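Pasted below: work.txt, compact mmCIF, C-alpha atoms (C1' of nucleotides) and all ligand atoms.
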```txt
# COMPACT_ATOMS: atom_id res chain seq x y z
CA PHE A 9 13.59 -31.75 -22.47
CA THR A 10 15.53 -32.25 -19.30
CA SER A 11 17.29 -35.18 -17.59
CA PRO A 12 15.60 -36.52 -14.41
CA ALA A 13 18.77 -36.07 -12.35
CA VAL A 14 19.08 -32.54 -13.63
CA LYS A 15 15.42 -31.66 -13.00
CA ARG A 16 15.81 -33.08 -9.50
CA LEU A 17 18.84 -30.88 -8.88
CA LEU A 18 16.95 -27.99 -10.45
CA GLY A 19 14.26 -28.70 -7.93
CA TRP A 20 16.54 -27.13 -5.35
CA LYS A 21 17.44 -24.12 -7.49
CA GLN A 22 16.94 -20.75 -5.92
CA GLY A 23 14.67 -18.46 -7.90
CA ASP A 24 15.71 -14.84 -8.10
CA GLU A 25 13.86 -11.64 -7.22
CA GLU A 26 12.32 -11.45 -10.64
CA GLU A 27 11.05 -15.01 -10.68
CA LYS A 28 9.73 -14.75 -7.13
CA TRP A 29 7.91 -11.57 -8.15
CA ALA A 30 6.46 -13.19 -11.24
CA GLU A 31 5.01 -15.92 -9.06
CA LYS A 32 3.32 -13.24 -6.99
CA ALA A 33 1.95 -11.68 -10.15
CA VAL A 34 0.48 -14.98 -11.28
CA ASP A 35 -0.95 -15.54 -7.85
CA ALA A 36 -2.57 -12.12 -8.06
CA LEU A 37 -4.07 -12.93 -11.44
CA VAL A 38 -5.46 -16.26 -10.40
CA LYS A 39 -7.25 -14.62 -7.44
CA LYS A 40 -9.06 -12.52 -10.01
CA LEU A 41 -9.71 -15.29 -12.54
CA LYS A 42 -11.20 -17.86 -10.15
CA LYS A 43 -14.04 -15.37 -9.77
CA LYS A 44 -15.02 -15.71 -13.44
CA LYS A 45 -16.30 -18.97 -14.84
CA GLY A 46 -14.26 -20.08 -17.84
CA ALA A 47 -11.36 -17.65 -17.34
CA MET A 48 -8.87 -20.03 -15.69
CA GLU A 49 -9.72 -22.79 -18.15
CA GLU A 50 -9.49 -20.38 -21.06
CA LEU A 51 -6.11 -18.98 -20.01
CA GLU A 52 -4.81 -22.50 -19.56
CA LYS A 53 -6.15 -23.34 -23.03
CA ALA A 54 -4.27 -20.40 -24.52
CA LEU A 55 -1.02 -21.26 -22.81
CA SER A 56 -1.24 -24.97 -23.57
CA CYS A 57 -2.44 -24.85 -27.19
CA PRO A 58 -0.78 -21.72 -28.62
CA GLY A 59 -1.59 -22.66 -32.21
CA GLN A 60 -5.33 -22.87 -31.54
CA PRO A 61 -7.29 -19.57 -31.26
CA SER A 62 -8.53 -18.61 -27.75
CA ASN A 63 -10.82 -16.05 -26.13
CA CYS A 64 -10.02 -12.84 -24.33
CA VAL A 65 -9.13 -13.27 -20.66
CA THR A 66 -9.60 -9.94 -18.95
CA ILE A 67 -9.12 -8.19 -15.65
CA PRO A 68 -10.44 -4.79 -14.58
CA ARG A 69 -8.51 -1.84 -16.01
CA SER A 70 -7.26 0.80 -13.57
CA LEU A 71 -7.55 4.55 -14.22
CA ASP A 72 -3.86 4.89 -15.22
CA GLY A 73 -3.69 1.41 -16.73
CA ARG A 74 -1.09 0.15 -14.26
CA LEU A 75 -1.28 -2.88 -12.01
CA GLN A 76 0.43 -3.24 -8.70
CA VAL A 77 1.77 -6.51 -7.36
CA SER A 78 3.82 -6.54 -4.20
CA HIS A 79 4.95 -2.89 -4.40
CA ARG A 80 5.86 -3.03 -8.10
CA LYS A 81 3.74 -1.30 -10.76
CA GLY A 82 3.60 -2.37 -14.40
CA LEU A 83 1.13 -2.71 -17.28
CA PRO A 84 -0.89 -5.96 -17.11
CA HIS A 85 -0.45 -7.20 -20.69
CA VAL A 86 3.27 -6.45 -20.47
CA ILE A 87 3.52 -8.24 -17.16
CA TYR A 88 1.80 -11.40 -18.30
CA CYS A 89 3.43 -11.43 -21.71
CA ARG A 90 6.83 -11.41 -19.98
CA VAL A 91 5.78 -14.33 -17.90
CA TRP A 92 4.49 -16.60 -20.61
CA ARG A 93 6.23 -15.40 -23.75
CA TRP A 94 8.99 -12.77 -23.83
CA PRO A 95 10.95 -12.57 -20.58
CA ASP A 96 13.14 -9.84 -22.04
CA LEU A 97 10.14 -7.79 -23.16
CA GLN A 98 10.99 -4.10 -22.80
CA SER A 99 7.75 -2.11 -22.65
CA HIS A 100 4.29 -1.78 -24.12
CA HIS A 101 6.03 -0.16 -27.10
CA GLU A 102 7.19 -3.62 -28.11
CA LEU A 103 3.61 -4.91 -28.19
CA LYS A 104 0.75 -4.69 -30.63
CA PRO A 105 -2.68 -6.33 -30.07
CA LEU A 106 -4.06 -8.93 -32.47
CA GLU A 107 -7.25 -8.22 -34.37
CA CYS A 108 -8.90 -11.15 -32.58
CA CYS A 109 -8.56 -9.34 -29.27
CA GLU A 110 -11.74 -7.70 -28.21
CA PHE A 111 -10.21 -5.95 -25.09
CA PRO A 112 -6.67 -4.90 -25.91
CA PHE A 113 -4.77 -2.58 -23.56
CA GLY A 114 -5.01 0.45 -25.80
CA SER A 115 -8.80 0.28 -26.11
CA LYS A 116 -9.14 1.77 -22.67
CA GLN A 117 -12.29 -0.14 -21.77
CA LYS A 118 -13.58 -1.36 -18.41
CA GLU A 119 -11.80 -4.67 -19.01
CA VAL A 120 -8.29 -5.26 -20.32
CA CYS A 121 -7.18 -8.50 -21.89
CA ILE A 122 -4.16 -10.30 -20.48
CA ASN A 123 -4.23 -13.30 -22.79
CA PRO A 124 -0.56 -13.26 -23.85
CA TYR A 125 -1.46 -14.78 -27.20
CA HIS A 126 -3.76 -11.89 -28.03
CA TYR A 127 -0.63 -9.83 -28.52
CA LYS A 128 2.30 -9.81 -30.91
CA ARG A 129 5.78 -8.51 -30.29
CA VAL A 130 7.18 -5.59 -32.36
CA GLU A 131 9.95 -2.93 -32.53
CA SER A 132 9.62 0.88 -32.17
CA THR B 10 22.52 13.96 32.50
CA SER B 11 26.23 14.10 31.50
CA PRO B 12 27.88 15.53 28.32
CA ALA B 13 30.11 12.50 27.85
CA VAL B 14 27.09 10.28 28.31
CA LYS B 15 24.88 12.23 25.91
CA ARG B 16 27.73 12.11 23.41
CA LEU B 17 27.94 8.34 23.74
CA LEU B 18 24.16 8.19 23.54
CA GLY B 19 24.48 10.09 20.29
CA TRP B 20 25.71 6.86 18.76
CA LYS B 21 22.99 4.72 20.33
CA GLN B 22 21.01 2.54 17.96
CA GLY B 23 17.29 3.20 17.99
CA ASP B 24 15.06 0.16 17.84
CA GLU B 25 12.22 -0.70 15.46
CA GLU B 26 9.73 1.04 17.65
CA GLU B 27 11.65 4.28 17.92
CA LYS B 28 12.48 4.32 14.23
CA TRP B 29 8.76 3.83 13.55
CA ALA B 30 7.80 6.62 15.88
CA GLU B 31 10.14 8.90 13.96
CA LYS B 32 8.24 8.01 10.83
CA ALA B 33 4.91 8.69 12.51
CA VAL B 34 6.07 12.15 13.59
CA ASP B 35 7.34 12.83 10.11
CA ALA B 36 3.97 11.82 8.74
CA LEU B 37 2.20 14.17 11.14
CA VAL B 38 4.43 17.11 10.39
CA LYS B 39 3.74 16.73 6.67
CA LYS B 40 0.08 17.26 7.53
CA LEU B 41 0.56 20.08 10.04
CA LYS B 42 2.82 22.29 7.89
CA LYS B 43 -0.24 22.70 5.67
CA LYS B 44 -2.20 24.44 8.45
CA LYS B 45 -1.13 27.78 9.81
CA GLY B 46 -0.73 27.66 13.57
CA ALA B 47 -0.80 23.87 13.94
CA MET B 48 2.96 23.22 14.23
CA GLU B 49 3.40 26.16 16.59
CA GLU B 50 0.39 25.08 18.64
CA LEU B 51 1.54 21.48 18.98
CA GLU B 52 4.95 22.74 20.00
CA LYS B 53 3.27 25.00 22.54
CA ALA B 54 1.39 22.07 24.00
CA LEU B 55 4.44 19.85 24.24
CA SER B 56 6.68 22.55 25.69
CA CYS B 57 4.30 24.15 28.17
CA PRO B 58 2.19 21.22 29.41
CA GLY B 59 0.79 23.23 32.33
CA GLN B 60 -0.65 25.94 30.10
CA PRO B 61 -3.88 25.18 28.15
CA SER B 62 -3.56 24.70 24.38
CA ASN B 63 -5.79 24.38 21.33
CA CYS B 64 -6.88 21.33 19.39
CA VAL B 65 -4.39 20.13 16.79
CA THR B 66 -6.23 17.95 14.33
CA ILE B 67 -5.74 15.72 11.34
CA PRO B 68 -8.36 14.27 9.00
CA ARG B 69 -10.21 11.28 10.41
CA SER B 70 -10.36 8.11 8.33
CA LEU B 71 -13.53 6.05 7.86
CA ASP B 72 -12.40 3.36 10.32
CA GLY B 73 -10.50 5.82 12.50
CA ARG B 74 -7.12 4.19 11.93
CA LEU B 75 -3.96 5.77 10.62
CA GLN B 76 -1.28 4.01 8.67
CA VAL B 77 2.37 4.86 8.88
CA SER B 78 4.90 2.69 7.08
CA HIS B 79 2.75 -0.44 6.95
CA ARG B 80 1.59 -0.19 10.59
CA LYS B 81 -1.99 0.78 11.48
CA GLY B 82 -3.05 2.39 14.75
CA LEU B 83 -5.34 5.08 16.15
CA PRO B 84 -3.91 8.59 15.83
CA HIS B 85 -4.47 9.87 19.37
CA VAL B 86 -3.05 6.64 20.74
CA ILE B 87 -0.06 6.87 18.47
CA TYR B 88 0.85 10.42 19.39
CA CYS B 89 0.06 9.96 23.07
CA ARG B 90 2.58 7.09 23.14
CA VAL B 91 5.14 9.31 21.55
CA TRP B 92 4.87 12.31 23.80
CA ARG B 93 3.37 10.95 27.05
CA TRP B 94 2.82 7.26 27.77
CA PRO B 95 5.18 5.01 25.81
CA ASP B 96 3.59 2.00 27.50
CA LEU B 97 0.06 3.05 26.57
CA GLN B 98 -2.00 -0.05 25.78
CA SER B 99 -5.00 1.03 23.71
CA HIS B 100 -7.67 3.66 23.26
CA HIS B 101 -9.37 1.99 26.24
CA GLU B 102 -6.74 3.58 28.44
CA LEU B 103 -7.63 7.06 27.16
CA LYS B 104 -10.38 9.55 27.86
CA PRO B 105 -10.64 12.99 26.23
CA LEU B 106 -10.57 16.21 28.23
CA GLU B 107 -13.57 18.50 28.19
CA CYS B 108 -11.45 21.22 26.58
CA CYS B 109 -11.04 19.05 23.48
CA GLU B 110 -13.43 19.93 20.67
CA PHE B 111 -12.31 17.11 18.29
CA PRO B 112 -11.65 14.06 20.44
CA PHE B 113 -11.25 10.63 18.81
CA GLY B 114 -14.64 9.31 19.90
CA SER B 115 -16.58 12.23 18.42
CA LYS B 116 -16.18 10.73 14.96
CA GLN B 117 -15.96 14.07 13.15
CA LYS B 118 -14.13 15.05 9.97
CA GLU B 119 -11.14 16.08 12.10
CA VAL B 120 -9.58 14.22 15.01
CA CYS B 121 -7.41 15.88 17.60
CA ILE B 122 -3.95 14.54 18.24
CA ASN B 123 -2.92 17.09 20.87
CA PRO B 124 -1.61 14.61 23.50
CA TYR B 125 -2.53 17.02 26.28
CA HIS B 126 -6.16 16.97 25.20
CA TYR B 127 -6.30 13.49 26.64
CA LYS B 128 -6.02 11.88 30.06
CA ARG B 129 -4.88 8.37 30.88
CA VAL B 130 -7.27 5.94 32.60
CA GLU B 131 -7.85 2.25 33.46
CA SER B 132 -10.02 -0.25 31.58
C1' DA C 1 -18.25 -9.52 16.61
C1' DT C 2 -14.33 -6.08 17.40
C1' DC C 3 -9.71 -6.49 16.47
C1' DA C 4 -5.60 -6.95 13.49
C1' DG C 5 -3.41 -7.58 9.58
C1' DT C 6 -2.52 -7.75 4.14
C1' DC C 7 -2.91 -5.71 -0.46
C1' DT C 8 -3.28 -2.25 -3.90
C1' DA C 9 -5.68 1.90 -6.86
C1' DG C 10 -5.59 6.17 -6.49
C1' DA C 11 -3.14 10.22 -5.07
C1' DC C 12 0.79 12.25 -5.10
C1' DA C 13 5.68 13.34 -5.73
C1' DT C 14 10.29 13.08 -7.84
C1' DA C 15 11.71 12.74 -11.91
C1' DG D 1 1.88 13.38 -21.95
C1' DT D 2 5.56 10.17 -19.67
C1' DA D 3 7.11 7.76 -16.46
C1' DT D 4 8.37 5.95 -12.52
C1' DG D 5 8.35 5.24 -7.84
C1' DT D 6 6.29 6.03 -2.93
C1' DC D 7 2.48 6.07 0.63
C1' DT D 8 -1.61 4.98 2.58
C1' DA D 9 -7.28 4.75 3.02
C1' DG D 10 -10.11 1.85 1.82
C1' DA D 11 -11.40 -2.73 0.62
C1' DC D 12 -10.94 -7.04 2.17
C1' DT D 13 -9.79 -11.24 5.21
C1' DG D 14 -9.42 -13.87 8.80
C1' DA D 15 -9.42 -14.13 14.66
ZN ZN E 1 -8.09 -10.55 -25.94
ZN ZN E 2 -8.31 18.68 21.09
```

Would you give me this structure, written as structure tokens?
Amino acid sequence: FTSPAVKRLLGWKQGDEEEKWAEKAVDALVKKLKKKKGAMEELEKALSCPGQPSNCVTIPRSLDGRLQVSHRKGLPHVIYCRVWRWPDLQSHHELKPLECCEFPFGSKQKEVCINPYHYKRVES
Amino acid sequence: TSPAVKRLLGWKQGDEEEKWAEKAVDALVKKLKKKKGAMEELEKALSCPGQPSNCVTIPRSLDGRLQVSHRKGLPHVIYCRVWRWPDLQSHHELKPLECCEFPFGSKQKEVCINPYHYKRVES
DNA sequence: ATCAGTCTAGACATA
DNA sequence: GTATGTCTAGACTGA
């Protein structure tokens, strides 16, 4: 919770390189998800009701696994998990897929799931 | 041209266009080093314009364009601007010489970028 | 329609 | 076998 005066002031806050980039990455993901009925709704369900189980929300997997957004390359699940869960997330080594996930990064299928709540954070 | 002047000109700032053209030449050299005779041949053509030279080609893309540092153009146009007509407008101002066996229009695997394998025309 | 421009997966290179 | 970053043809998108 935030004070109205404060959230107004925060309205004018400058976002940094990282936050500006993350917006680009979300923009990129939405372009993909609009093309699939149920995806946008589903992802919004997952983000809004974390406690309640949700479906896989996938994008095409590249040959090397990486995704490029505005001249940065990363791994998709890592990217989106940083955005919506663990901003300080280090690498894919700090992530394990839940059993409920049908399309986890490691499975190297056509599709890769980017539902942040289909992943759990770990050590290594 | 004077030594003091060329010294002073040493410190001249190149503009976006010239800096880009340096990149485009760099890009072309990377390609030509890989082909024995190409670099020498291109140098022959540039240095002895009067004397006939061979085709110097690079791979042709599907759409014909070449990209160098986030700018797209047509290769013969690019390299003709560099070494001949800086004010060259488009491929419409260019016609290939008969001596050229890989001219832009021929839409082959290779496209010739020897600037002296082209002549400048109106539109 | 050409034409012109943006974005990135795949290739490739510097580690 | 990683990994990280760069470049650009091709795919795509608007005049
Ligand atoms: Zn999933
Ligand atoms: Zn030629």

Expected answer as a PyMOL selection string: residues within 6 Å of ligand ZN 1 (chain E), all atoms listed in the file: chain A and resi 64+109-112+121+123+126

- request: Residues up to 12 Å from ligand ZN 2 (chain E), counting only C-alpha atoms (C1' of nucleotides) and all ligand atoms: could you list those as an MDAnalysis selection string?
  value: chainID B and resid 47 50:51 54 61:67 85 104:115 117 119:128

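Put simply, atom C1' of residue D:4 is 24.5 Å away from atom CA of residue B:40.
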
task: Measure the distance from atom CA of residue A:114 to atom CA of residue A:68 in Å and round it to one decimal.
output: 13.5 Å

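Near chain D, counting only C-alpha atoms (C1' of nucleotides) at 12 Å, the chain A residues are residues 72, 74, 76, 79, 80, 81, 82 and 99 of chain A.
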
query: At what distance in Å, to one decimal, does atom CA of residue A:30 lie from atom CA of residue B:76?
result: 27.4 Å

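If all atoms listed in the file are the atoms counted, then among B:45, B:32, B:39, B:93 the closest residue to residue B:80 is B:32.
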
Could the residues of chain C within 9 Å of chain A, counting only C-alpha atoms (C1' of nucleotides), be given as a PDB file with C-alpha atoms (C1' of nucleotides), in the coordinates of the input, please?
```
ATOM      1  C1'  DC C   7      -2.910  -5.710  -0.460  1.00  0.00           C
ATOM      2  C1'  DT C   8      -3.280  -2.250  -3.900  1.00  0.00           C
ATOM      3  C1'  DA C   9      -5.680   1.900  -6.860  1.00  0.00           C
ATOM      4  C1'  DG C  10      -5.590   6.170  -6.490  1.00  0.00           C
TER       5       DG C  10
END
```

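Using all atoms listed in the file, the shortest contact distance between chain A and any of B:100, B:79, B:28, B:87 is found at B:79.
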
Closest atom pairs, residues of chain B within 10 Å of chain D, all atoms listed in the file, as a Markdown table:
```
| residue | atom | partner | partner_atom | distance |
| --- | --- | --- | --- | --- |
| B:70 | CA | D:9 | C1' | 7.0 |
| B:71 | CA | D:9 | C1' | 8.0 |
| B:72 | CA | D:10 | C1' | 8.9 |
| B:74 | CA | D:9 | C1' | 8.9 |
| B:75 | CA | D:9 | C1' | 8.4 |
| B:76 | CA | D:8 | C1' | 6.2 |
| B:77 | CA | D:8 | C1' | 7.5 |
| B:78 | CA | D:7 | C1' | 7.7 |
| B:79 | CA | D:8 | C1' | 8.2 |
| B:81 | CA | D:8 | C1' | 9.8 |
```

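Between chain C and the residues B:99, B:131, B:92, B:23, the shortest atom-to-atom distance, using only C-alpha atoms (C1' of nucleotides), involves B:99.
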
task: Counting all atoms listed in the file, collect the residues of chain C whose closest atom lies at most 12 Å from chain B, and write them out as number ranges by chain.
output: C: 2-7
